[PDB]
Structures are given as structure tokens and as C-alpha cells.
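Asks: Pasting an experimental structure, sequence included:
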Amino acid sequence: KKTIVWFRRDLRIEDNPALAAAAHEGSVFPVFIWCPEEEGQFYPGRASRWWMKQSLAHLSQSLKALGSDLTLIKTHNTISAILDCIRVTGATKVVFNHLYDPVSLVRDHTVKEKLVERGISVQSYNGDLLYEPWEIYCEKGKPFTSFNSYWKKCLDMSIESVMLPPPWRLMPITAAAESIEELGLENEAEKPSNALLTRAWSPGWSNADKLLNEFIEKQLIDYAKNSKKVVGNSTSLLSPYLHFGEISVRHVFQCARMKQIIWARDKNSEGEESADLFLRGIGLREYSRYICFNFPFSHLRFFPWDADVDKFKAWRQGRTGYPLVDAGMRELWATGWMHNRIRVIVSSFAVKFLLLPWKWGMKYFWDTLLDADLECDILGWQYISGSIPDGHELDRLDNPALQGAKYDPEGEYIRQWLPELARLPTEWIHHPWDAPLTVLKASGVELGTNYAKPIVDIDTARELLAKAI
Amino acid sequence: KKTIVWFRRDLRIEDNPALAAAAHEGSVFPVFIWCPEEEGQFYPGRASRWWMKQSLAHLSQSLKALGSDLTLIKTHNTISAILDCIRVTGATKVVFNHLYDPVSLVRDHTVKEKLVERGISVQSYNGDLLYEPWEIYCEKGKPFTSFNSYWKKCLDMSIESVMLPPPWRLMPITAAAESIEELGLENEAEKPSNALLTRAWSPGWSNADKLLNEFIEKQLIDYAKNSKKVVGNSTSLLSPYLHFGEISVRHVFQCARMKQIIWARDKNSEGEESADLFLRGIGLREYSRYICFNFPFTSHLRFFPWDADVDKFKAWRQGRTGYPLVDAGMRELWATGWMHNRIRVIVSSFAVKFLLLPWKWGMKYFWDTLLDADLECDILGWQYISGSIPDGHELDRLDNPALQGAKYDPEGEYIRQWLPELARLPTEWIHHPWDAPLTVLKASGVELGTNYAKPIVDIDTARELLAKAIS
Amino acid sequence: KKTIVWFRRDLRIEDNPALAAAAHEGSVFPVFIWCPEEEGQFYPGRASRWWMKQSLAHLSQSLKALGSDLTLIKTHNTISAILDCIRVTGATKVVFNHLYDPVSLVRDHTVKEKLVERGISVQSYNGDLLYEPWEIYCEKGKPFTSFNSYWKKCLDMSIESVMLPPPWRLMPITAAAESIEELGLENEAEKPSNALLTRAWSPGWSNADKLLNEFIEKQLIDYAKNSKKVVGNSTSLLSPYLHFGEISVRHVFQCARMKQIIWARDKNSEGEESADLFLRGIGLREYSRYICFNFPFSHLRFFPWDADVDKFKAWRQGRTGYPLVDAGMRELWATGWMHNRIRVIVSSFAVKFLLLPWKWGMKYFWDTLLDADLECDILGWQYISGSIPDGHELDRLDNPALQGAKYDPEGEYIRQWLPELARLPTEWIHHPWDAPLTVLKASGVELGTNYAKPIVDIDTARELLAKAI
Amino acid sequence: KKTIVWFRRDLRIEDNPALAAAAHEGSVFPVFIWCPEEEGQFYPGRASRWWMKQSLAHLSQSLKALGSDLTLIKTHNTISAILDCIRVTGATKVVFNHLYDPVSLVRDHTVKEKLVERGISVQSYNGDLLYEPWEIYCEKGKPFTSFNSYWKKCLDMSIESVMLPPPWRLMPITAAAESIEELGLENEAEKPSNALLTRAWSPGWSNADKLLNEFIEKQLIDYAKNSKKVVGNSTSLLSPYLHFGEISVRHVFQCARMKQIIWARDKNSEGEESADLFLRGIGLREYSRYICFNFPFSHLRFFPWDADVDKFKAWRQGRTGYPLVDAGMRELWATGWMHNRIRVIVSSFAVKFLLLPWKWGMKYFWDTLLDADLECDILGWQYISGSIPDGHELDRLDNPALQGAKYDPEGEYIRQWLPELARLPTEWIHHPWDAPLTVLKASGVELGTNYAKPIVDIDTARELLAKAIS
Ligand SMILES: Cc1cc2nc3c(=O)[nH]c(=O)nc-3n(C[C@H](O)[C@H](O)[C@H](O)COP(=O)(O)OP(=O)(O)OC[C@H]3O[C@@H](n4cnc5c(N)ncnc54)[C@H](O)[C@@H]3O)c2cc1C
Ligand SMILES: Cc1cc2nc3c(=O)[nH]c(=O)nc-3n(C[C@H](O)[C@H](O)[C@H](O)COP(=O)(O)OP(=O)(O)OC[C@H]3O[C@@H](n4cnc5c(N)ncnc54)[C@H](O)[C@@H]3O)c2cc1C
Ligand SMILES: Cc1cc2nc3c(=O)[nH]c(=O)nc-3n(C[C@H](O)[C@H](O)[C@H](O)COP(=O)(O)OP(=O)(O)OC[C@H]3O[C@@H](n4cnc5c(N)ncnc54)[C@H](O)[C@@H]3O)c2cc1C
């Protein structure tokens, strides 16, 4: 047999069912079709493309040792490149993994019909998901918009398997079509600025496996009390690796459940909730693929926004005057990642405080986030605008005085990303516009020149939001 | 559908095909039927029974945290106990894993025939092996008889898979049948002495996975450089955990295979070589079940006039033979229930070629003392030492303890730990004090014949008493 | 014998000559006279006073466990308080250590003259200093105007022992006089802002002993290669404890000297150089007291200034547009300490770029430095203004491009204290105004809104100095 | 000036009063005069001489790094070698540190008189003790009888200090006196066996400052609860280093003293008690040189012994059937060191259970111990003998069933030095003879085959000694 594997966002060799199907039957021809025209509005952002350039290099380096290597093709049409690979490789079967974004859903089915009619067999295995969105029903069949009612039933009867990495790898003697090597992801006018994200990130499937041993045996023990704290990479940093499919979610769920069974047996209650807080976070990634599968284009709510370009640039540069918002936008753009509670605040500020279009705030998240996912990002904005009964309503404006006192105690997250407020005490570190002048100047801050004043008064933004509902 | 899971030597949940097959179809019913009379001359030993008692107690607490308890059963007939569990729970399928011991080889295929007549569904799975002995074929007849030619063909193709542990399980209902209250595995007079085995061993599958993680990440880096030595944690110390099936062979194999792949793209020239020896070490266990399958007795039927000396037999157990590697090996074997591989090639070659003692005498001692008392490994180990297999050693091959210790134990640090009386004896004579001059022996406070015993047998006599005893 | 141990800036118990001589004689009455009126402009600043309140509280409970409590007195005249402590205790002798500042020099000699005439014996010992300035002279009595010829001579002689803390203690047990528990150091208008210095500093003498045992066996090995690094606290962080006398320099020298002898015969060509740069640095504290002794006020090289108050606020708040200067002024305000290389840059920028009075720059250093030392700070400004033969010429300015490449490699000091310059490459991390406009957006740095433009051009400031000399 | 330094038992530089004073006055000419014929009975043993050789070359290496060598001299008369060094060097003052052995007490003072009559300046400093034995005066004239009352007197003054190492060194011109390159400390027959002491000891003043800092900062907080134990590094292993004067007694005292002050205000509870035991442990060394100073050569009893040469070989090589005694003898000979609580067990077993002459035990402890202190080893045997008031009477001995139940619980100390008793339960581990026959067959213990039977009954030693105490 001659099989052609099609890597998309399953950039790994471990537990790859499409790759395990190959190399178990005949020869393998790895290929990566990169068609930017067919991506549409879902084109990968600036930082998301940088992770793709490094992961594909780490992938091609991995496949180069197994026996074959990793063909990259930039084409104007995916089917035009797939049918052209079969021309030079003489393959009789093509295999790939599942992707549930709106562009790949209609493309996986179109690629099927075009070459299955031609006597060439296809097969699409389960990838990046523990449960397919067509494997669960409420007995009846109603969709569980309730994540609580969703994940409560997913914990019942797991029936899958964990695969292996292929020991060997065979490749036919072929030619080339239309081939490329490495271009179309990083712009020369910003490569030096993009080469600085390596300070806190290292793309690759093997580096992802090092992270699992760094988090399971050492950091998952007290994850329930660290995830609440926002200052420190307190969580697992597995979002960029899981999006690009560098870690199989089977492994992320198996070894985490393995720790839960040991802690549930050792009477340990601190680790039990730590495993619950992490496994029920893994289910949210599965919940995002379930909603986006039967609720694509939910969020059909177009109320009078306030398309102010200048007020949007201050939200990107962290000049909104709010400490917890400006620090989050400072962390997002410095490391390409931010905590979940930070995203909740900086996104709510973009729609509830500034009335900017939610698409504008998402297009910036889609561009600068290293973990820029499609199902998870949309799911986060639905949690903000009030599209799920298990999320905060659009009308509420959380007071930063108590909001910072929950996720960022002692104000150590602002004093790390906003060094100008390093002497402002924790009593006013989340809201300098409430402290008297006798303690503001004592802290060294001068609201106006030393630190930006609040861009929008919260007292006037509460009623003005309810003034249009 | 109610399904009875029959635990035997697969005391684990991570990759248990029989346990994963059940608990997914419907209900589950764990049971450990302990029938000592059906196991003949190779009834589980003394220390190995102690390990089994602690693992079963840990297995009981592990399963009770998932959903169902564990039915500990000690009856007079195993098949009678299986038929008793079917009627009390209403089960319809009996599921267990594969075992290749001659006792279970003839009764596992008997339980199937007994239950097919009654209509009870049965299905066996490969639990503690990656290549079953009937899966490797050729185009001719017989196996390979050489491990090099056997393991060369196993590395050609590979189709494995790792199963997941179920987070939920369901008990059946009503009354229980004959139930054993965890009894028989220990004798009242030798219980405090068996508790001393906890100093270097913590049985159970939970500590088994942590050791596999510790060895792969922090010790497989230089396994090829330490496995050839004896001192300290030279190897992985996974034999007692792999014998009772607490870690699946695939989980141990793939962890060193995954680490070997990363040690290739990073051009770790000596890294992937360390995984080659460890994986081939696992292959020796695979090759043990191939010989034991085709040759199902206990290529080893050479019993000639032995020196049935019970006085020289107790001097070999307690480690008082004048040979440091032999004495220190028998000192660690009885104090920790374990010993290095190269030392087992020494203490047993000394038992059959230096003392002319029966090989069944030393093998019965390994059965009671070794926690990793593997039937398939304890047979292949003694066959490799004698001239039974052309895999390595012959019958008329003796090794000088001088070049033997300096090859597997430099600086003599292994003897000084288990023989304090030879602490100030230099490494040049630490492995053979009799060949050292009296000017250094008294300076090293040895004094043969009072503190450390003189060599019980001469190296030249054992060669002249054996070459003239073969015809 | 009833003795009075006048604690001043010797806030320790171990290696205390005046405390040991008074203990091994008879009774001990420790007292601390705090007269802010006798202090001229050398009155302790905001940060330096906070360190005094913590060390004195630690000193109070320290002696409280040995046998005698600590007495703090805030009076109008020090001699009036000393005469009061004598008439309430009957102490026939008053002992103290040495202080070489101009105010405390004429005071100790006035205290001796006023107490000797009353029949009360006085005794002074060497404290907080290896060898006094009146003990180092060649065959000629010429004071060493150069430091290279200074410390090279201090190593050719060594005669000073080290003593242990007193074992026992007892009190003359008599009524007290005017007993000012704790007044003057901290005002309530800035108490919470001052309490935030506990993040990176823990004042006390036992914490100083905790600091040495960590710096010797762990950080002194490669001190020569870490002193060239500005990022982080690469040095020892011993200046605050040495200024307040919380640990004697004899123990600081003896621990580093024996480590050098250990590395001497060990063929350690890297440990000797590390012990050298630390001991040569200890000599700078020794050299500061030498110039402060027979050179009262040289630093009288004044030149016309441009005292711009608005340009002085930007120098404090770090709004000067220079990344290496603003990052240092942020660290000076956040933690009250900065590296020696940073102090050279931020002080030269105040006098050589903005043309601000050197006293104004010192008035801010003296107020915000936890290690605010009179002899060390003046010696620092003498090194910048060009008042030393082996210093820096006042007529020349260093290019921040090559300046950052010398003391801040990899560019990690700006990315920590100025998070807006995170993705700005090292090629322009020290000077964003030289970078092209194409990379100023790739680095997400808009000068008019993100990080302010340089307030004064470098080439103009270099010629403006030559325009008035 | 030019001063000659005489290193004898002060092989250190951190705090050496005779070395730092000689460095300031002028030139430094370090000499190490040995002369075994003047030692006689107090000649260092086999293992103790090995430490002296390794610590000598290491101290000679550290001296040359400063600027002055170390002249090693082996002579027949120590005074003839001192005068030979003065003429070839031209020195004026001869300096050295104090010692408190009967040899040096009459030798150093003889050096003083013969060099004073010739016009050579001499000055001896204190560098081996906190308070010198003549600085303490008690009652009216009885030099105190016990230690618990002696050390209370030392805790009522304390005018100590410490000194710094001198970075400068300069040796004069020509010399070449009657110095040898290597003496006769090691014999070729016992050299490879002596090299096996490096695995447990790294002698020298440089390493001495390492485990000193390691002990005070790490394993001192819980010294009050680990001093009674024996397993592992229970104590500080500072006995051999303080014997050769590689660490100043003031630095050892003032380090644990500084931790007690910090643990006082913080109220560490166990911290103050651990210092109160370690400092009073140093006080026993202070009392060792005190009782040995006023008394010559309280330990002179020649009652009928049992001079059995075969019973001496069993107690020496650890074959007496007593695991707590046999394991100690196998440690004392393997590592050249043993815990203090083991010494009162292996030495009391030799003089009471076996009735062997105590000189046979003291001669063996002098050869195999690296910390062979003349002033301290004698006091240890006096504690075993019925001599010291606060000590063991001659007719007292404890059952090992209670010794291990308090000083060595869990029996992990025996299973390391006696592997043949590993599976023996921790109850009968210190006395296998009293164990039932079922546990002995189960624990592989065959008293008389693999492990030796008790060489002497405990009830016999009590009844045999009663007839001799009349
Ligand atoms: C507005 C908004 C936008 C978001 N955009 C993304 C995105 O683009 N990509 C992304 O991976 N996550 C996104 N999330 C989820 C969340 O920000 C990250 O999953 C998490 O904060 C970082 O992962 P971690 O490994 O550090 O933490 P952990 O909590 O340890 O991550 C657990 C894993 O489970 C999944 N997961 C965790 N939380 C969620 C969630 N809320 N929704 C979906 N899956 C989840 C991810 O695979 C994640 O790696 C978004 C959340 C919000 C509120
Ligand atoms: C006379 C004799 C008797 C032996 N009896 C046993 C026995 O009863 N039980 C037992 O498990 N091993 C036995 N062996 C093999 C060998 O002693 C052990 O495998 C090894 O010493 C312990 O392996 P480890 O887990 O400590 O380390 P590693 O060697 O790192 O473990 C590798 C694993 O592979 C297998 N393995 C490794 N070497 C061999 C080998 N030579 N033969 C077979 N399998 C091997 C084992 O499952 C082992 O756990 C015997 C060898 C000899 C010479
Ligand atoms: C403008 C300016 C102002 C300064 N103001 C002070 C001050 O107020 N207080 C202060 O203690 N030091 C001052 N210094 C000296 C120097 O900044 C600090 O000694 C040092 O940076 C503190 O870090 P450290 O103690 O970890 O350094 P290390 O080098 O690790 O410590 C060496 C020690 O030696 C002394 N020392 C080292 N370098 C110098 C130096 N250049 N001048 C004087 N003493 C030195 C200090 O006691 C210091 O603690 C100043 C230097 C300059 C250029």
C-alpha cells in the first residue's frame, strides 16, 4: 500500500490514529497542504503562524529520523495539491485527522467526494478530541448548552484507545509538483520581533511531552488553588500545544485521571479537586467543539456599538487606565499568552466598558495569541457577551476593587507588569482613582502623566450600558 | 452484561485488556481464586508470596475506589470456584488474561472447555506480553533457539496498543460464595522477618508506575553505562513489578522507545544506545516465554552425579564460601530479596560448577527468596548458565574471581557494602583474598579462616574435577 | 562598671567592639539618641529611615533576649540626652563606635570634650570600617588621590582582630528619662507605601548573617562574571546592611579572603578574579571614608545648570525616553536599590544630559535609597562629575547603543522593568529612536503613545556640554 | 623581624594565634619537627599517622600559596633541630602553640629555658582550648571533681575572641637544615589499606571548614534528638579535625553560640537545647585537657585480668555474638571512627564482659582511630572505669535489650554493618541469643554457623566480677 497522511493541526507522532493507520499497511507520504485562500477569515494570526513555523520544523525533524520527511506545499487549491501528490507518489489511499472549524468541515467532505469517486479510498480518524460531537445525546437527543449538564454525562463510559508511535517508516520513490520548503508564515519585516517569543515558549511535540512531566508530577498536586491565582503561569500552559495537536488529549486526560485515582485512594482531598479543576477544564475544550459543530454562524446580537479606533488602540497598548486590564494586555503581547481570568477581564472591558465590536477584540486575540484556537476563542466570547446560561450576563460590570481581590491577591500581578505602580498598596492597586491624593503621591503615582487615568469612568459605564437594553 | 474478571498475575489497571474489556460492556466482578493444590512443584515461594499479599491488599483498596470490591477466594478446585461465582452474581462472561506457566497453560484452556459446555461466554486477552509465543513464525520449523535470531525478527514489525483505565465500575448484587478472608500467603512464625522486606521494596501498582517514571526520566540516560556494573541502582529494579503484572510490557517498552526517538533527532549518540540494551533486556523476558511455551516442563534434563553435600549447601545460602562476589551476592539476595543479573550468573555457576551441588537445590532457594520469582525467567537463567542452551555459557567454563570482579565491580565498592570485614582490603585483592600476600592480608585485617572464611573450593580443582567427570 | 553603649550606625551585636568592651567590664546600658536637629542635610531620607525602624526593632528584641532592653531617645541635643542617661544610671563611662560623616565627626569630639571635663571616661573604637583613614600613609604623608594606588597599599598591612557577641548582660536597673518609644522615622501619610519594601528586603542583623552564608558558598564563586550583568540582583546586596552597620566589614572581608585562598591553591583562575572584584569593591567603601576624611568639600566644580523642574520629574518617574535610564529609575522606586552600573547611567543622565544640579540628583538618591550612605553616594557623584583622576570625564557622553551591549546583554533588563519594550529586539532595545519605522510597529512601540520619545537628543546634549567649557 | 613558626598540633590558618602574630612581627619560617623517639608511649597509631601525613601535605600546599614553604624535619632531638633552624635563618623569636600532653608539657617548657638562656625570644599562645587549664580556679584549692560542676564555672565569664588569616608571607634567604621531604609515617605494607580511608574522610583544614559550615547550618537544628542515635551521620564528625587543630575551638564554639542567640528570640525550643548539648559536648573536651593537666600519666588499678589472646582477637574483629558490639568494631576499623555511645559499649564490653586488660583496648583504639586524642581517650576509659564520680561504676553493665531500645531504634545500624542480621526483627536484633527458635530459623540466624554465639554470658560477667571486687 501507498498511504498519504495529511497533517493539519495534529503536529505530533504520538497517538496519531491517521499516522498509526499508515506505516501499519504500507508506505507513507507525509504532506502539509497550506492553502491560505481557502482559510478565509480564519487565517492564522501573526503569533499563531510563528508557532506553526516552528512546530512544522520540529515535525519535519522528527519524521526525518523515522525514515521519511515532511513535504510542505503552498497551493491555490487543496484538492489540486492532493491530487497532484497522488500523481507523483502513485498512492492508493489518503488519511488525515478531524478538524471541526467551519472551513475544514466543508473541505474534509469536499476532498472526500472528489477523489473517492476516483477509486481512491479515504479514512478520517478521531483526533484532538476524546468524544466526537456526534457521540453524545441526552437519551432524547437535545443539545446540552449547560456545560454542567454536558460534562456530567461525558464522564460516563470512555471507550477509546491510546496508540503508539510507528517504529519504522517507508517512503516510495516519487517526484515533486508545485515543491515549496518554508515560506508564507513569517514576514521579513517582523521576524526579529517574532524571534523573542522563545523566551517563554518552545514549540514541538517533544517539548510538549517535557511539559507533561513538569505539570503532572509536580504542579497538578495543588492545581485547584493555583488556577484561582492569576500571577505566575499558575496553570499548565498546555493551550498552545493542544491547539496545534502536539499533545494527544488522550494522554492529557489519562495521566491526569491516573493521578486522581491515586489521590482519591490516598484520602487526599486537595489533589482530588485539583484533578477535577483540570479535567473539567479539558472538557471545556471538548465543549467548544460540540457547540461550534451545531451552532456555527449563538452570537447573532448586533446592538449599537462604538467603533472608536483611538479607544481601541489604547486597549491594545494597555492604556485604558485600569491596572488589571492594562497588565493583561501587557502580558498578552509580551509572552503571547495570558491566564483565563485575564482574558475574561480584558474582553469584557472591550465590549462592556468600551462598547467596541466583539469581532474587533477577537481579531486582536486571533492575531496575538499563541494558543489562537477557533472553538475555544468563540466559546470565550460567548461567555462574555452572555450567550451561555452558565456565564456572566452582558449587563454586569464587576467592580475591579473586589474583582482584583479574588484572582490577584496582594496585587502581585500588577506590580510585575505595571512597575510604575509597584508602591501603590494592595488596597488601591486595582483602582488608583479611588485612593486619596495623600496616598497616591505617597505611592509615587501621578494619574495623568505617571500612569494613565481610567479611560472610561466605571460609574458612568454601568447605567450607560443598561441605557440600551 | 455481568462479566467476571479473573485476576491472577495482572495486578494492574493502567493497561489491563481483560479489565478494560469488561466494565465497558456492563457490570464487573473482580475475583482472585487462590487454589494452592493445583499448582505443583512450583508453588509460589516464600518471599514471592509476601509480595503477592501486599499487592492484593493494595489492589483491594484500588478497586474499591473505582466502583467494585475484590472477591478473595481460596478453594480446593479453581473451576468449582468459577462456577460458584457465576450463579451467585448471574454473570454471563468470564474474562482473564494470558499466563504461560505450565500449570495455567493446561487449566486456562480447561476452564474454557468447561464453560463452553455450560454456555458461559469466555474470552482471553494478552495482558503481560507484547509478542505472544505463538505470534512469531518462520517459513521453516521450530523457533530460533538463539535470542539474537529471535529478537532480530521481533523488531521487524510492531502492531501494539495501550488501553485506558475506566473511571467507573459497577458491582453485582446479593450474596457471596467461598469467601477467603485473605489467608494462606504467610506463616505466623515468619511474619516479622518478612516485614523487613519493606526496607527496599514497596509493592503495588502505584509505586510501580512511579518507579517506571523515575527510571525512564532520571536513570535511562546512562543505563548502558551502569547496567554493566552491580553497585547501587545499576538497573531499573522492575523485575518484581513486571512479574506480577503491575506494569504492562507495552508501557515499559514504549516509554524507552519514545525516549529513544528523542535521543535520535537530538543526536544523542550514547542515549539511544542505552535504550537498545534496556529494550533488549525486555526481549530476554519475551524470549523466556517462547522457550517455556514450546518446552513446557521445568532443554534442561542433565542430572549427573551431584555432590549432595547439605553442609556445603547451607554454606552457599548464608554466603560463607570465601568468594566475595558469591558471598556478597547471597548476602543481598537474602537481605533484600533481589540481586543483580550478573551476580545470579555467579552465585549459581558457583553452585553447580564450584560445589557440584544439584541445580534443583539452588533453584528452590531462588524460588523462596526472590520477590521476582518468575517461572519463565528462573528457568532460562539456569539453562543459560549450564551447557543447556548455546546462547552463551557452557558446562566447562569457569571464571577467575579476580578478572570477574574488576570487570563488573571496579573499586570493589560492592563487597565493602555487604562484607564490612573486607573494608580495608584493596581492590587489587578484594575479589580474591586468598591470592593476596600475607603482608597485605594482615595489613588489611582480613585473616582467612577466622573472620572471612577461606575459599571453600579451589579454582584449579573445580576444573580438574569436572573435565575428568565428563564422558 | 556602669557603661553606656551609644548605638548609632552599628546596628549589630556580633563583632561589636564598643558592646564587647562594655560587656566584659560591668553593666551595660544600650541607648540610641536620635536628634534630627543636629543632622543637617544628611538627615536620612524616606527609604533609609524605614530601614532604621526595622533594624532598631530587630535590635531591640535582640538585646532584650540577652539581658537589657534598648532605649531610643529623640531629643533637641545629643549631649543633653547623654548627660540625662548618665544622671539616671550613674554610668561612669560612655562608649560608642566611629562615624566619619562631617556632622557626626564634630559631635563625637564635642561629646568627648563635654564628658571628659565632667570626670566621665569615654572610649571610641573602630566600627563599620576595616582600617581608619588615619592609619594608611606611605613614606610621604600625601593622601591617595587615586584608588589604584590606594587599595594596592591597604593590602600590604593587616592588624585587626574580630570578637564574638557578648555572652551575658545585665542592667543597672534605675528610673529612665525623656522614653520616646518610636517616633520620627515614619509618618502615617506613607506607612502602607513603605511596608511594601518587605517584598525584596528584610532588614536586620541576623538577616545580614543569613545573606553572607548564601552569597559566599553560592554566588561569590562567579562574582566576576556576574558583575558585568545588570539584569537582576547579580551582586551581593550587602550595601544596606554595611551602611547601617548590621554586619562588620571584617567578617565580610574574612569570608571572601579565605575563599580566595581556597581558590588560590586550587588553580581556580575564575574564583580568584571573582573574590578580587568583590574585595576591590569593599575597598571602594574603604576609599569613600578616606576621601570623606581629609577632603571635606573635592567636589566644588560647579558649572551653569538648566534647573528644569519638569525635566526633573521625568527623570524620577522614568519618562526620559531612554530605556536603560527609565528601567533603572523604576527599580530605584520599586525596591529602593539598583545596580552600580545603573547608578552610573542615571546619575550621568541627570547632570550630563538634562543639565540638572548634582545636588538635586543626590537629594533624590538620598531620599529613595535603602543603602543611602553619605561616603558612598558622594564618592559616586565624584566618579560621574570627573572629580577623580581614575573616573569618567565630564566632557564625554557614552552612546546607549554600545553602553547596553557592555552591561546588559541579551536585553533582559528593559523587558522586565519596561514591559512595553518586550518584543523590541536587542538591536534597538537600548535606543528605539534609531530603529526604522517598519520595526517600530513590528515591535508594537508607538513613541507618541507607548514609550515616550527621548526628551533630549544625544548628539545635541554632547555638543551643548562643549558649548559651555 | 624574623619569627619561626612551630606547627605541631595546630594545622590551620583561620585562627592561629602563634601564626598570625608571627606574620605581623616579620618573616615566617614554618617548621614541623617530628622526632618519634621523644614520643615513646604517646606515639600516634597506624591510622592516626595517616591523617597526619595527608593533613601535612595539604597544609604545606596552602602555606606555599601564601608565600612561605613548610620545612619538614625528622630529628633525634627536637631542641637540636630548633637551634639548627635559627642559625641558618637568622631568626630572633621562636613561636608555637600550646599542647597539654605529658611529653609537650615538659618539652615545650624545656625549649623555653634552653632558648631563653641563649637570648632567643619565645612566646607560646593558646590555640587549642577556650580557657586554658590554669585559668580556672575553683573552691579554694581542689581542682574540681566532676564535669557537671566544672563546666558551670566556665559559663560565668567568657572573654574570648578570634583572629584572621594573614594574606602576606615572606621566607628568608638560604637555610637547608637537617629538611627531609617525607618522614616515616606510612609503611609500604599498609599503604593500599590506608588509602581506603579516603572514602570516609577528607582530612585537612580546608575540608574542615566545609563540614563545620555544613553541620551548623543544616544538621544542628535537631542535634538534641539525633545525638543519642547512632545510625548515619548522627553527630558532626568533628573529632578528628579538632584533634589535629584544623579548626579553632573558638570558631566551633562561636558558631553554635550564634545560632543559639537567633534561636532564642525566635524561641525554636529544640534549637537552644541542641546548642546546649553541642557546646557542653565541647566542654567535655575542655574538661579532658583539664583533668589530664593536673593529673599525671585516677586510672591505676591492676586487678587480676583475663589476658586471653583469643578473646582479644574476637573483640577486635567483631566476633563476640553481641551485635551492638560487633557492628561497632566493624565501623571503628572500616571508617576509623565510631559514635560516642558505641565507645562506652565496645570498651565496657572489653573490660567487664571479657575482663580483658584495658591497656589492650586503649592500644587498639590508639592505632585505628583518626581522632586519637591523648587528653580525651584517657578520659573516655576513665568514664568506663569506676573512677570518675559522674561515671559508670566498675560493677555496672546494661542488657543490650535496653541499649538498642533507646540508642539504636529500628535496628538500622546493625543491618548495615552486619548484613547477616538484616531479616532479624528489630526486637531481638540486639540480642539474638534470647530470641525463640522459631524466629531464628525464620530470620536465617544460626548462632554458631553464620553469626557467632555470645562469647560470654551476661549473667556470668556480673557474678564473676563480684568475686574480684571484694
Ligand atoms: C475570551 C477567551 C478566549 C480564549 N481563547 C482561547 C484560545 O484561543 N485557545 C485556548 O486554547 N484557550 C482559550 N481560552 C481558554 C483559556 O484562556 C485557556 O484554555 C487557559 O487559560 C490557558 O491554558 P493553560 O494550559 O494555561 O491552563 P489549563 O486550565 O491548565 O488548560 C487546560 C486545557 O483545557 C482546555 N481549556 C481550558 N480552559 C478552557 C476554556 N475556557 N475553553 C476551552 N478550552 C479550555 C485547553 O485545551 C487547555 O490547554 C480562552 C478563554 C477566554 C475567556
Ligand atoms: C540464574 C538467573 C536467574 C534469574 N531469575 C530471574 C527471575 O526469577 N525473575 C526475573 O524477573 N529475572 C530473573 N533473571 C534475570 C535477571 O536476574 C533480572 O532480569 C535482573 O537481574 C533484574 O532486572 P531489573 O528489573 O532489576 O533491571 P533491568 O534489567 O533494567 O530490567 C529489565 C527487565 O527485562 C527483563 N529482563 C532483564 N534481563 C533479563 C534476563 N537476563 N533474562 C530475562 N529477563 C530479563 C525483566 O523483566 C527485567 O525486569 C535471572 C537471571 C539469571 C542469570
Ligand atoms: C552615583 C552612585 C551612588 C551610590 N550611592 C551609594 C549609596 O548610597 N550607598 C552605598 O552603599 N553605595 C552606593 N554606591 C556604590 C554602589 O552603588 C553600591 O555599593 C552597590 O551598587 C550596591 O550593590 P552591592 O552591595 O550588591 O554590591 P557588591 O559589589 O556586591 O558589594 C560590595 C560592597 O562594597 C561597597 N562598594 C562596592 N562598590 C562600591 C562603590 N562603587 N562605591 C562605594 N562603595 C562600594 C559597598 O559597601 C558594597 O555593599 C553608589 C554608587 C554610585 C555610582
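Replies: Received, thanks. Numbers count the residues shown, from 1 in each chain, chains lettered A, B, ... in the order given. Ligands and ions are numbered 1, 2, ... in the order given.
Asks: Contact partners for the residue in the stretch 51-200 of chain A that chain C sits nearest to?
Replies: Closest to chain C within the stretch 51-200 of chain A is residue A:190: 3.7 Å, counting by CB to the nearest CB. For every residue, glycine as well, the C-beta is placed using N, CA and C. For residue A:190, the contact set (CB atoms under 8 Å, 6 or more residues apart in numbering or on different chains) comprises A:46, C:439, C:442.
Asks: what about the residue nearest to the first one when sequence neighbours are not counted, helix or strand, and which?
Replies: Setting aside the residues directly before and after it, residue A:46 is nearest to residue A:367 in space (CB to CB, 6 or more residues apart in numbering or on different chains), at 5.2 Å. Using DSSP states H and E, the element containing residue A:367 is helix A:358-368.
Asks: That helix packs against which elements?
Replies: For helix A:358-368, the packing partners by 3 or more CB pairs under 8 Å, 6 or more residues apart in numbering or on different chains; DSSP states H and E come out as helix A:46-66, helix A:309-317, helix A:340-348, helix A:375-385.
Asks: any idea how far it is from the chain center?
Replies: Here the centre of helix A:358-368 is set off from its chain's centre by 13 Å, with CA atoms, centre = their mean, to the nearest Å.
Asks: ok, back up a step: how far away is the residue nearest to residue A:46 from ligand 3?
Replies: Distance, residue A:367 to ligand 3, using CB to the nearest ligand atom, to the nearest Å: 42 Å.
Asks: ok, that residue - how many residues close by?
Replies: 16 (other CB atoms under 10 Å in any protein chain shown).
Asks: Same check on the one 4 residues further on?
Replies: Residue A:371 has 21 neighbouring residues, counting by other CB under 10 Å.
Asks: so who does residue A:368 touch?
Replies: A:45, A:46, A:47, A:332, A:333, A:336.
Asks: same check, this time on residue A:149
Replies: Contacts of residue A:149 by CB under 8 Å, 6+ apart are residue A:138.
Asks: That one belongs to a helix?
Replies: Yes - per DSSP: H, G, I helix; E, B strand; the rest coil, residue A:149 lies within a helix segment.
Asks: So which bits of the stretch 301-450 of chain A are right by chain C?
Replies: A:313-314, A:317-319, A:330-331, A:333-335, A:415, A:417-420, A:422-425, A:427, A:438-439, A:442-444, A:446, A:449-450 (CB under 8 Å from any CB of the partner chain).
Asks: What's the ChimeraX line that selects buried ones from those residues?
Replies: This is how ChimeraX selects the buried members of those, with burial counted by 16 or more other CB atoms under 10 Å in any protein chain shown:
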select /A:314,317,318,319,330,331,333,334,335,415,417,418,419,420,422,423,424,425,439,442,443,444,450
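Asks: picking that back up, switch the helices and strands packed on helix A:358-368 over to a markdown table; also include distance to residue C:74.
Replies: Supplementary listing: the helices and strands packed on helix A:358-368 in a markdown table, determined by distance: least, CB to CB, whole Å:
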| stretch | distance to residue C:74 |
| --- | --- |
| helix A:46-66 | 59 |
| helix A:309-317 | 49 |
| helix A:340-348 | 48 |
| helix A:375-385 | 57 |
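Asks: What's the local residue count around the residue lying closest to residue A:249 once chain neighbours are set aside?
Replies: Nearest residue to residue A:249, sequence neighbours excluded (CB to CB, 6+ apart): residue A:130, at 5.5 Å. Using other CB under 10 Å, residue A:130 has 21 other residues around it.
Asks: I'd like the distance from residue A:130 to residue A:157, if you could.
Replies: 12 Å (CB to CB, to the nearest Å).
Asks: residue contacts, the residue in the stretch 101-250 of chain A that ligand 3 sits nearest to?
Replies: The minimum distance from the stretch 101-250 of chain A to ligand 3, using CB to the nearest ligand atom, falls at residue A:199 (25.5 Å). Residue A:199 makes contact with residue A:335, according to CB under 8 Å, 6+ apart.
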